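Worksheet for the structure shown next.
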(Lines give C-alpha, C1' and ligand atoms only; values in the text may rest on other atoms or scores of the structure.)
Protein backbone atom coordinates (compact mmCIF):
# COMPACT_ATOMS: atom_id res chain seq x y z
CA UNK A 1 0.00 0.00 0.00
CA UNK A 2 2.80 2.44 0.78
CA UNK A 3 4.32 1.88 -2.67
CA UNK A 4 0.94 2.45 -4.31
CA UNK A 5 0.46 5.71 -2.41
CA UNK A 6 3.95 6.71 -3.56
CA UNK A 7 2.67 6.28 -7.11
CA UNK A 8 -0.51 8.29 -6.45
CA UNK A 9 1.17 11.27 -4.79
CA UNK A 10 3.12 12.08 -7.97
CA UNK A 11 -0.10 12.32 -9.97
CA UNK A 12 -1.64 14.60 -7.34
CA UNK A 13 1.50 16.76 -7.41
CA UNK A 14 1.41 17.15 -11.19
CA UNK A 15 -2.34 17.81 -11.27
CA UNK A 16 -1.76 20.64 -8.80
CA UNK A 17 1.35 21.80 -10.69
CA UNK A 18 -0.94 22.45 -13.66
CA UNK A 19 -2.40 25.43 -11.77
CA UNK A 20 0.68 27.63 -12.10
CA UNK A 21 2.80 26.51 -15.06
CA UNK A 22 1.80 25.30 -18.51
CA UNK A 23 4.44 22.59 -18.78
CA UNK A 24 4.12 19.45 -16.66
CA UNK A 25 7.36 18.62 -14.81
CA UNK A 26 9.29 16.54 -17.35
CA UNK A 27 8.33 19.04 -20.04
CA UNK A 28 5.05 18.05 -21.68
CA UNK A 29 1.99 20.22 -22.23
CA UNK A 30 -1.04 19.84 -20.00
CA UNK A 31 -3.61 18.14 -22.21
CA UNK A 32 -6.56 16.83 -20.21
CA UNK A 33 -9.57 18.57 -18.66
CA UNK A 34 -7.51 21.67 -17.78
CA UNK A 35 -6.48 22.24 -21.40
CA UNK A 36 -10.12 22.32 -22.46
CA UNK A 37 -10.88 24.89 -19.76
CA UNK A 38 -8.08 27.12 -21.02
CA UNK A 39 -9.35 26.76 -24.60
CA UNK A 40 -12.85 27.74 -23.45
CA UNK A 41 -11.45 30.81 -21.71
CA UNK A 42 -9.63 31.91 -24.88
CA UNK A 43 -12.78 31.41 -26.95
CA UNK A 44 -14.82 33.43 -24.46
CA UNK A 45 -12.36 36.33 -24.71
CA UNK A 46 -12.55 36.35 -28.51
CA UNK A 47 -16.36 36.18 -28.43
CA UNK A 48 -16.43 39.15 -26.05
CA UNK A 49 -14.38 41.20 -28.51
CA UNK A 50 -16.50 40.18 -31.51
CA UNK A 51 -19.80 41.06 -29.82
CA UNK A 52 -18.39 44.42 -28.72
CA UNK A 53 -17.50 45.22 -32.33
CA UNK A 54 -20.83 43.97 -33.72
CA UNK A 55 -22.86 46.32 -31.53
CA UNK A 56 -21.26 49.49 -32.94
CA UNK A 57 -21.34 48.04 -36.45
CA UNK A 58 -25.12 47.62 -36.13
CA UNK A 59 -25.34 51.17 -34.75
CA UNK A 60 -23.83 52.51 -37.99
CA UNK A 61 -25.71 50.12 -40.31
CA UNK A 62 -29.16 51.12 -39.04
CA UNK A 63 -28.46 54.79 -39.77
CA UNK A 64 -27.29 53.99 -43.29
CA UNK A 65 -30.44 51.92 -43.86
CA UNK A 66 -32.60 54.86 -42.79
CA UNK A 67 -30.63 57.18 -45.10
CA UNK A 68 -31.17 54.81 -48.03
CA UNK A 69 -34.89 54.58 -47.27
CA UNK A 70 -35.31 58.37 -47.17
CA UNK A 71 -33.35 59.13 -50.36
CA UNK A 72 -32.88 56.64 -53.18
CA UNK A 73 -29.83 56.70 -55.41
CA UNK A 74 -27.25 56.66 -52.61
CA UNK A 75 -24.23 54.61 -53.61
CA UNK A 76 -23.67 51.38 -51.67
CA UNK A 77 -20.58 51.59 -49.43
CA UNK A 78 -18.88 48.97 -51.72
CA UNK A 79 -19.43 46.35 -49.00
CA UNK A 80 -23.09 45.96 -49.91
CA UNK A 81 -22.47 44.87 -53.51
CA UNK A 82 -23.11 41.39 -54.88
CA UNK A 83 -19.52 40.13 -54.65
CA UNK A 84 -19.01 40.63 -50.91
CA UNK A 85 -22.46 39.24 -50.15
CA UNK A 86 -21.71 36.21 -52.33
CA UNK A 87 -18.50 35.59 -50.39
CA UNK A 88 -20.39 35.94 -47.10
CA UNK A 89 -23.06 33.40 -48.04
CA UNK A 90 -20.40 31.06 -49.44
CA UNK A 91 -18.59 31.17 -46.09
CA UNK A 92 -21.83 30.60 -44.17
CA UNK A 93 -22.71 27.63 -46.37
CA UNK A 94 -19.24 26.11 -46.06
CA UNK A 95 -18.80 26.49 -42.29
CA UNK A 96 -22.22 25.14 -41.26
CA UNK A 97 -22.11 22.05 -43.54
CA UNK A 98 -24.33 23.36 -46.35
CA UNK A 99 -26.63 25.45 -44.18
CA UNK B 1 13.63 55.62 -41.08
CA UNK B 2 9.97 55.90 -40.14
CA UNK B 3 7.29 56.97 -42.58
CA UNK B 4 3.64 57.68 -41.79
CA UNK B 5 1.73 56.96 -44.99
CA UNK B 6 -1.37 58.79 -46.16
CA UNK B 7 -3.58 55.90 -45.04
CA UNK B 8 -2.32 56.65 -41.45
CA UNK B 9 -0.17 53.50 -41.45
CA UNK B 10 3.52 53.53 -40.47
CA UNK B 11 6.21 51.92 -42.64
CA UNK B 12 9.98 51.53 -42.30
CA UNK B 13 12.72 50.86 -44.84
CA UNK B 14 15.98 48.95 -44.36
CA UNK B 15 19.12 48.95 -46.48
CA UNK B 16 19.89 45.48 -47.85
CA UNK B 17 23.40 44.02 -47.67
CA UNK B 18 22.31 41.42 -50.30
CA UNK B 19 24.14 38.73 -48.30
CA UNK B 20 21.14 37.92 -46.10
CA UNK B 21 17.52 37.28 -47.06
CA UNK B 22 15.67 37.18 -43.71
CA UNK B 23 15.32 39.67 -40.85
CA UNK B 24 13.83 39.63 -37.35
CA UNK B 25 11.90 42.45 -35.72
CA UNK B 26 10.42 43.45 -32.38
CA UNK B 27 7.74 46.07 -31.76
CA UNK B 28 7.03 47.43 -28.28
CA UNK B 29 4.61 49.68 -26.46
CA UNK B 30 5.75 53.23 -25.80
CA UNK B 31 4.68 53.96 -22.22
CA UNK B 32 5.57 50.44 -21.06
CA UNK B 33 7.91 47.77 -22.35
CA UNK B 34 5.10 45.41 -23.38
CA UNK B 35 5.74 43.70 -26.71
CA UNK B 36 2.93 44.21 -29.23
CA UNK B 37 4.18 41.72 -31.82
CA UNK B 38 7.28 39.94 -33.09
CA UNK B 39 8.36 37.49 -35.74
CA UNK B 40 10.48 36.97 -38.84
CA UNK B 41 9.77 38.75 -42.13
CA UNK B 42 11.35 38.05 -45.51
CA UNK B 43 11.12 41.60 -46.90
CA UNK B 44 13.02 44.79 -45.97
CA UNK B 45 9.84 46.70 -45.02
CA UNK B 46 7.28 46.45 -42.21
CA UNK B 47 3.87 48.15 -42.22
CA UNK B 48 2.19 48.84 -38.87
CA UNK B 49 -1.46 49.29 -39.82
CA UNK B 50 -3.91 51.65 -38.14
CA UNK B 51 -5.99 48.69 -36.95
CA UNK B 52 -3.00 47.52 -34.90
CA UNK B 53 -2.57 51.06 -33.58
CA UNK B 54 -6.21 51.09 -32.49
CA UNK B 55 -5.82 47.65 -30.91
CA UNK B 56 -2.76 48.68 -28.89
CA UNK B 57 -3.53 52.37 -28.32
CA UNK B 58 -7.02 53.83 -28.08
CA UNK B 59 -6.01 56.17 -30.92
CA UNK B 60 -3.57 56.45 -33.81
CA UNK B 61 -0.06 57.46 -32.74
CA UNK B 62 2.95 59.42 -33.99
CA UNK B 63 5.38 57.57 -31.71
CA UNK B 64 7.13 54.22 -32.06
CA UNK B 65 9.95 52.11 -30.61
CA UNK B 66 11.27 49.54 -33.07
CA UNK B 67 14.15 47.05 -33.02
CA UNK B 68 15.27 44.98 -36.01
CA UNK B 69 18.05 42.43 -36.48
CA UNK B 70 19.13 40.26 -39.41
CA UNK B 71 18.46 36.54 -39.07
CA UNK B 72 19.71 33.35 -40.74
CA UNK B 73 17.24 30.64 -41.70
CA UNK B 74 19.58 27.63 -41.79
CA UNK B 75 20.81 28.12 -38.21
CA UNK B 76 18.98 30.16 -35.61
CA UNK B 77 21.17 33.26 -35.37
CA UNK B 78 20.39 36.81 -34.26
CA UNK B 79 22.96 39.56 -34.75
CA UNK B 80 23.09 43.10 -33.46
CA UNK B 81 19.85 45.07 -33.53
CA UNK B 82 19.19 48.67 -34.58
CA UNK B 83 16.73 50.62 -32.42
CA UNK B 84 14.60 53.62 -33.41
CA UNK B 85 12.59 55.40 -30.71
CA UNK B 86 11.91 58.85 -32.14
CA UNK B 87 8.84 60.24 -33.85
CA UNK B 88 8.07 59.26 -37.44
CA UNK B 89 8.69 61.68 -40.32
CA UNK B 90 5.18 63.08 -39.62
CA UNK B 91 4.09 65.56 -42.31
CA UNK B 92 1.13 67.09 -40.48
CA UNK B 93 1.97 70.74 -41.17
CA UNK B 94 0.19 70.54 -44.53
CA UNK B 95 -3.60 70.35 -44.43
CA UNK B 96 -5.88 67.92 -46.28
CA UNK B 97 -8.44 68.32 -49.10
CA UNK B 98 -11.84 69.05 -47.60
CA UNK B 99 -14.53 67.66 -49.92
CA UNK B 100 -14.12 65.07 -52.67
CA UNK B 101 -16.64 63.85 -55.25
CA UNK B 102 -16.63 61.32 -58.08
CA UNK B 103 -19.24 61.61 -60.83
CA UNK B 104 -19.94 59.36 -63.80
CA UNK B 105 -20.45 61.00 -67.18
CA UNK B 106 -22.54 60.14 -70.23
CA UNK B 107 -19.31 59.71 -72.19
CA UNK B 108 -18.27 57.17 -69.55
CA UNK B 109 -15.44 59.18 -67.99
CA UNK B 110 -15.21 59.77 -64.24
CA UNK B 111 -14.48 63.26 -62.90
CA UNK B 112 -12.78 63.60 -59.51
CA UNK B 113 -12.92 67.08 -57.95
CA UNK B 114 -11.57 68.27 -54.60
CA UNK B 115 -11.11 71.59 -52.81
CA UNK B 116 -7.60 72.55 -51.74
CA UNK B 117 -5.76 75.49 -50.27
CA UNK B 118 -4.79 78.18 -52.81
CA UNK B 119 -1.20 78.22 -51.53
CA UNK B 120 -0.65 74.47 -51.91
CA UNK B 121 -1.36 73.26 -55.45
CA UNK B 122 0.70 70.06 -55.28
CA UNK B 123 -1.31 66.87 -54.80
CA UNK B 124 -0.75 63.12 -54.82
CA UNK B 125 -3.47 60.76 -56.06
CA UNK B 126 -3.85 57.01 -55.48
CA UNK B 127 -6.38 54.67 -57.11
CA UNK B 128 -7.12 51.05 -56.23
CA UNK B 129 -9.01 48.22 -57.89
CA UNK B 130 -12.46 47.36 -56.56
CA UNK B 131 -11.95 43.62 -57.09
CA UNK B 132 -8.83 43.19 -54.93
CA UNK B 133 -8.45 46.56 -53.12
CA UNK B 134 -4.65 46.25 -53.42
CA UNK B 135 -3.78 46.72 -57.11
CA UNK B 136 -2.90 50.41 -56.46
CA UNK B 137 -2.85 51.48 -60.12
CA UNK B 138 -2.76 55.11 -61.24
CA UNK B 139 -0.46 56.61 -58.60
CA UNK B 140 1.14 59.96 -59.45
CA UNK B 141 1.03 63.68 -58.70
CA UNK B 142 -1.35 66.21 -60.28
CA UNK B 143 -1.28 69.97 -59.75
CA UNK B 144 -4.73 70.40 -61.31
CA UNK B 145 -7.57 70.20 -58.80
CA UNK B 146 -9.90 68.37 -61.23
CA UNK B 147 -8.99 65.03 -62.80
CA UNK B 148 -10.49 63.37 -65.87
CA UNK B 149 -9.77 59.65 -65.82
CA UNK B 150 -11.15 59.03 -69.35
CA UNK B 151 -11.47 55.37 -70.47
CA UNK B 152 -8.47 53.59 -68.91
CA UNK B 153 -10.98 51.35 -67.11
CA UNK B 154 -12.15 49.60 -70.28
CA UNK B 155 -8.60 48.99 -71.52
CA UNK B 156 -6.02 46.56 -70.12
CA UNK B 157 -7.44 46.57 -66.58
CA UNK B 158 -11.03 45.29 -66.68
CA UNK B 159 -12.14 42.67 -69.18
CA UNK B 160 -15.19 44.83 -69.82
CA UNK B 161 -14.96 46.39 -73.28
CA UNK B 162 -17.54 49.19 -73.03
CA UNK B 163 -19.23 48.98 -69.62
CA UNK B 164 -16.43 50.48 -67.55
CA UNK B 165 -16.27 50.48 -63.76
CA UNK B 166 -19.10 52.02 -61.75
CA UNK B 167 -17.40 51.68 -58.37
CA UNK B 168 -14.26 53.69 -57.57
CA UNK B 169 -11.77 54.04 -54.73
CA UNK B 170 -9.89 57.35 -54.89
CA UNK B 171 -7.60 59.10 -52.41
CA UNK B 172 -5.90 62.48 -52.82
CA UNK B 173 -3.44 64.22 -50.50
CA UNK B 174 -1.12 67.22 -50.47
CA UNK B 175 2.42 66.51 -51.64
CA UNK B 176 5.79 68.15 -51.02
CA UNK B 177 8.09 68.00 -54.08
CA UNK B 178 11.26 68.39 -52.00
CA UNK B 179 10.77 66.28 -48.87
CA UNK B 180 8.19 63.89 -50.29
CA UNK B 181 5.99 64.12 -47.19
CA UNK B 182 2.30 63.38 -47.66
CA UNK B 183 -0.72 64.56 -45.68
CA UNK B 184 -3.55 62.35 -44.39
CA UNK B 185 -5.84 62.87 -47.38
CA UNK B 186 -9.45 62.02 -48.08
CA UNK B 187 -11.12 59.03 -49.72
CA UNK B 188 -14.25 58.21 -51.71
CA UNK B 189 -15.84 54.76 -51.95
CA UNK B 190 -19.09 53.58 -53.46
CA UNK B 191 -21.00 53.52 -56.73
CA UNK B 192 -19.98 57.12 -57.57
CA UNK B 193 -22.71 59.38 -58.99
CA UNK B 194 -24.92 58.34 -61.89
CA UNK B 195 -25.48 61.19 -64.36
CA UNK B 196 -28.70 63.16 -64.65
CA UNK B 197 -30.95 62.24 -67.57
CA UNK C 1 -21.14 48.74 -23.42
CA UNK C 2 -21.33 51.85 -21.25
CA UNK C 3 -20.11 53.93 -24.19
CA UNK C 4 -22.38 52.24 -26.74
CA UNK C 5 -25.57 53.03 -24.83
CA UNK C 6 -25.04 56.81 -24.89
CA UNK C 7 -23.81 56.67 -28.48
CA UNK C 8 -27.10 55.04 -29.52
CA UNK C 9 -28.98 57.66 -27.51
CA UNK C 10 -27.39 60.38 -29.67
CA UNK C 11 -27.69 58.58 -33.01
CA UNK C 12 -31.44 58.02 -32.63
CA UNK C 13 -32.04 61.75 -32.23
CA UNK C 14 -29.89 62.51 -35.26
CA UNK C 15 -31.93 60.01 -37.30
CA UNK C 16 -35.12 61.74 -36.18
CA UNK C 17 -33.70 65.11 -37.23
CA UNK C 18 -32.71 63.72 -40.63
CA UNK C 19 -36.09 62.11 -41.30
CA UNK C 20 -37.95 65.27 -40.32
CA UNK C 21 -35.88 67.60 -42.54
CA UNK C 22 -34.05 66.21 -45.56
CA UNK C 23 -30.87 67.74 -46.95
CA UNK C 24 -28.92 67.60 -43.68
CA UNK C 25 -25.22 67.10 -44.24
CA UNK C 26 -24.04 63.81 -42.72
CA UNK C 27 -21.66 64.20 -39.76
CA UNK C 28 -18.83 62.68 -41.92
CA UNK C 29 -19.00 59.56 -39.73
CA UNK C 30 -21.81 58.12 -41.84
CA UNK C 31 -20.04 58.67 -45.16
CA UNK C 32 -19.17 55.79 -47.47
CA UNK C 33 -15.48 55.56 -46.53
CA UNK C 34 -16.05 54.98 -42.81
CA UNK C 35 -18.79 52.43 -43.50
CA UNK C 36 -16.51 50.63 -45.96
CA UNK C 37 -13.71 50.49 -43.38
CA UNK C 38 -16.12 49.14 -40.75
CA UNK C 39 -17.44 46.48 -43.13
CA UNK C 40 -13.90 45.42 -44.07
CA UNK C 41 -13.05 45.12 -40.37
CA UNK C 42 -16.13 42.96 -39.76
CA UNK C 43 -15.31 40.73 -42.73
CA UNK C 44 -11.65 40.31 -41.76
CA UNK C 45 -12.16 39.65 -38.05
CA UNK C 46 -14.96 37.07 -38.41
CA UNK C 47 -13.16 35.17 -41.22
CA UNK C 48 -15.18 36.53 -44.16
CA UNK C 49 -18.47 36.71 -42.28
CA UNK D 1 -26.41 53.11 -16.15
CA UNK D 2 -28.21 55.14 -13.49
CA UNK D 3 -27.36 58.35 -15.37
CA UNK D 4 -28.26 56.90 -18.78
CA UNK D 5 -31.80 56.02 -17.70
CA UNK D 6 -32.73 59.63 -16.83
CA UNK D 7 -30.90 60.92 -19.89
CA UNK D 8 -33.10 58.71 -22.08
CA UNK D 9 -36.14 59.91 -20.14
CA UNK D 10 -35.39 63.49 -21.23
CA UNK D 11 -34.29 62.63 -24.77
CA UNK D 12 -37.52 60.82 -25.67
CA UNK D 13 -39.60 63.84 -24.68
CA UNK D 14 -37.44 66.14 -26.78
CA UNK D 15 -37.83 63.77 -29.74
CA UNK D 16 -41.62 63.90 -29.38
CA UNK D 17 -41.49 67.70 -29.19
CA UNK D 18 -39.44 67.85 -32.39
CA UNK D 19 -41.84 65.49 -34.16
CA UNK D 20 -44.91 67.54 -33.21
CA UNK D 21 -43.43 70.98 -34.01
CA UNK D 22 -40.74 71.50 -36.63
CA UNK D 23 -38.18 74.28 -36.47
CA UNK D 24 -37.15 73.72 -32.85
CA UNK D 25 -33.53 74.66 -32.27
CA UNK D 26 -31.36 71.67 -31.34
CA UNK D 27 -29.62 72.05 -27.96
CA UNK D 28 -26.14 72.11 -29.65
CA UNK D 29 -25.61 68.52 -28.50
CA UNK D 30 -27.19 67.13 -31.65
CA UNK D 31 -25.17 69.21 -34.13
CA UNK D 32 -22.74 67.62 -36.56
CA UNK D 33 -19.56 68.39 -34.61
CA UNK D 34 -20.45 66.61 -31.37
CA UNK D 35 -21.89 63.64 -33.25
CA UNK D 36 -18.73 63.42 -35.36
CA UNK D 37 -16.65 63.36 -32.18
CA UNK D 38 -18.87 60.61 -30.76
CA UNK D 39 -18.56 58.48 -33.89
CA UNK D 40 -14.78 58.88 -34.13
CA UNK D 41 -14.53 57.90 -30.46
CA UNK D 42 -16.60 54.78 -31.15
CA UNK D 43 -14.45 53.92 -34.17
CA UNK D 44 -11.20 54.41 -32.25
CA UNK D 45 -12.16 52.48 -29.11
CA UNK D 46 -13.62 49.39 -30.84
CA UNK D 47 -10.76 49.03 -33.37
CA UNK D 48 -12.54 50.49 -36.41
CA UNK D 49 -16.07 49.38 -35.54
CA UNK E 1 -8.89 -5.30 3.19
CA UNK E 2 -5.36 -4.03 2.60
CA UNK E 3 -5.12 -5.92 -0.70
CA UNK E 4 -8.45 -4.56 -1.92
CA UNK E 5 -7.47 -1.00 -0.99
CA UNK E 6 -4.27 -1.59 -2.96
CA UNK E 7 -6.53 -2.32 -5.93
CA UNK E 8 -8.64 0.83 -5.38
CA UNK E 9 -5.67 3.21 -5.09
CA UNK E 10 -4.67 2.51 -8.70
CA UNK E 11 -8.08 3.64 -9.94
CA UNK E 12 -7.78 6.81 -7.85
CA UNK E 13 -4.35 7.32 -9.43
CA UNK E 14 -5.69 7.07 -12.98
CA UNK E 15 -8.71 9.25 -12.19
CA UNK E 16 -6.33 11.98 -11.00
CA UNK E 17 -4.05 11.36 -14.00
CA UNK E 18 -6.92 11.94 -16.43
CA UNK E 19 -6.88 15.69 -15.74
CA UNK E 20 -3.43 16.78 -16.92
CA UNK E 21 -2.69 14.12 -19.55
CA UNK E 22 -4.80 12.44 -22.23
CA UNK E 23 -3.30 8.95 -22.30
CA UNK E 24 -4.03 6.73 -19.30
CA UNK E 25 -0.90 5.09 -17.88
CA UNK E 26 -0.48 1.97 -20.03
CA UNK E 27 -1.27 4.05 -23.12
CA UNK E 28 -5.02 3.94 -23.72
CA UNK E 29 -7.17 7.04 -24.12
CA UNK E 30 -9.56 8.30 -21.47
CA UNK E 31 -13.01 7.20 -22.58
CA UNK E 32 -15.62 7.69 -19.86
CA UNK E 33 -17.24 10.73 -18.24
CA UNK E 34 -14.18 12.93 -18.81
CA UNK E 35 -14.10 12.28 -22.56
CA UNK E 36 -17.69 13.44 -22.93
CA UNK E 37 -16.89 16.64 -21.03
CA UNK E 38 -13.97 17.35 -23.36
CA UNK E 39 -16.22 16.73 -26.37
CA UNK E 40 -18.76 19.19 -24.94
CA UNK E 41 -16.03 21.80 -24.54
CA UNK E 42 -14.98 21.40 -28.18
CA UNK E 43 -18.59 21.67 -29.35
CA UNK E 44 -19.11 24.81 -27.27
CA UNK E 45 -16.05 26.43 -28.86
CA UNK E 46 -17.33 25.68 -32.36
CA UNK E 47 -20.81 26.97 -31.51
CA UNK E 48 -19.28 30.21 -30.21
CA UNK E 49 -17.50 30.70 -33.53
CA UNK E 50 -20.62 29.91 -35.57
CA UNK E 51 -22.83 32.37 -33.68
CA UNK E 52 -20.18 35.08 -34.01
CA UNK E 53 -20.20 34.59 -37.79
CA UNK E 54 -24.00 34.43 -38.06
CA UNK E 55 -24.49 37.82 -36.43
CA UNK E 56 -22.41 39.70 -39.03
CA UNK E 57 -23.94 37.65 -41.85
CA UNK E 58 -27.39 38.84 -40.77
CA UNK E 59 -26.04 42.39 -40.54
CA UNK E 60 -25.11 42.31 -44.23
CA UNK E 61 -28.18 40.45 -45.48
CA UNK E 62 -30.58 42.97 -43.93
CA UNK E 63 -28.94 45.77 -45.92
CA UNK E 64 -29.14 43.74 -49.11
CA UNK E 65 -32.84 43.07 -48.52
CA UNK E 66 -33.46 46.79 -48.04
CA UNK E 67 -31.61 47.54 -51.28
CA UNK E 68 -33.72 44.97 -53.14
CA UNK E 69 -36.94 46.38 -51.68
CA UNK E 70 -36.16 49.97 -52.68
CA UNK E 71 -34.99 49.18 -56.23
CA UNK E 72 -36.33 46.12 -58.03
CA UNK E 73 -34.44 44.25 -60.73
CA UNK E 74 -31.28 43.72 -58.69
CA UNK E 75 -29.49 40.54 -59.66
CA UNK E 76 -29.36 38.09 -56.73
CA UNK E 77 -25.85 37.51 -55.33
CA UNK E 78 -25.99 33.88 -56.64
CA UNK E 79 -26.27 32.67 -53.04
CA UNK E 80 -30.04 33.20 -53.02
CA UNK E 81 -30.79 31.25 -56.21
CA UNK E 82 -32.96 28.15 -56.29
CA UNK E 83 -30.08 25.66 -56.35
CA UNK E 84 -28.40 26.79 -53.13
CA UNK E 85 -31.75 27.02 -51.35
CA UNK E 86 -32.64 23.52 -52.55
CA UNK E 87 -29.34 22.16 -51.24
CA UNK E 88 -29.90 23.87 -47.88
CA UNK E 89 -33.43 22.47 -47.60
CA UNK E 90 -32.26 18.96 -48.49
CA UNK E 91 -29.58 19.24 -45.79
CA UNK E 92 -32.17 20.34 -43.23
CA UNK E 93 -34.50 17.49 -44.17
CA UNK E 94 -31.74 14.87 -44.08
CA UNK E 95 -30.11 15.93 -40.81
CA UNK E 96 -33.33 16.31 -38.78
CA UNK E 97 -34.77 12.97 -40.00
CA UNK E 98 -37.22 14.35 -42.58
CA UNK E 99 -38.17 17.42 -40.55
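Letters A, B, C, D and E mark the chains in the order given here, with residues in each chain numbered from 1 onward.
Following the convention adopted for this analysis, a contact is a pair of C-beta atoms (placed from the backbone, for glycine too) under 8 Å apart; a residue touches a chain by one contact, two chains touch by 3 or more.
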So which one's got more C-beta contacts, A-C or B-C? A-C
Chain D and chain E, separation of their C-alpha mean positions in angstrom: 41
Counting only Cα atoms for the centres, state how far chain C is from chain E in Å. 33
Indicate the whole-number Å distance between the mean C-alpha point of chain A and the mean C-alpha point of chain E. 12
Can you pull out the residues of chain C that are in contact with at least two other chains? 4, 7, 11, 14, 26, 29-30, 32, 34, 36, 38-43, 46-47, 49
Multi-chain touching residues of chain B, meaning two or more other chains, are 51, 189-190
What chain pairs are in touch here? A-B, A-C, A-D, A-E, B-C, B-D, C-D, C-E
List the residues on chain E that touch chain A in their complex, please. 2, 5-6, 9-10, 12-13, 16-22, 30, 34, 37-38, 41-42, 44-45, 48-57, 59-64, 66-67, 70-71, 75-80, 84, 87-88, 91-92
Which of the residues in chain A come into contact with chain E in the complex? 1, 4-5, 7-8, 11-12, 14-15, 17-18, 24, 28, 30-34, 36-37, 39-40, 43-44, 46-47, 50-51, 54, 57-58, 61, 64-65, 68-69, 72, 76, 79-80, 82-86, 88-93, 95-99
Residue set of chain D touching chain A in the complex reads 39, 42-43, 46-47, 49
Touching chain A in the complex, chain B uses residues 130-131, 167, 169, 189-194
Residue positions on chain B within touch of chain C in the complex are 51, 133, 186-190
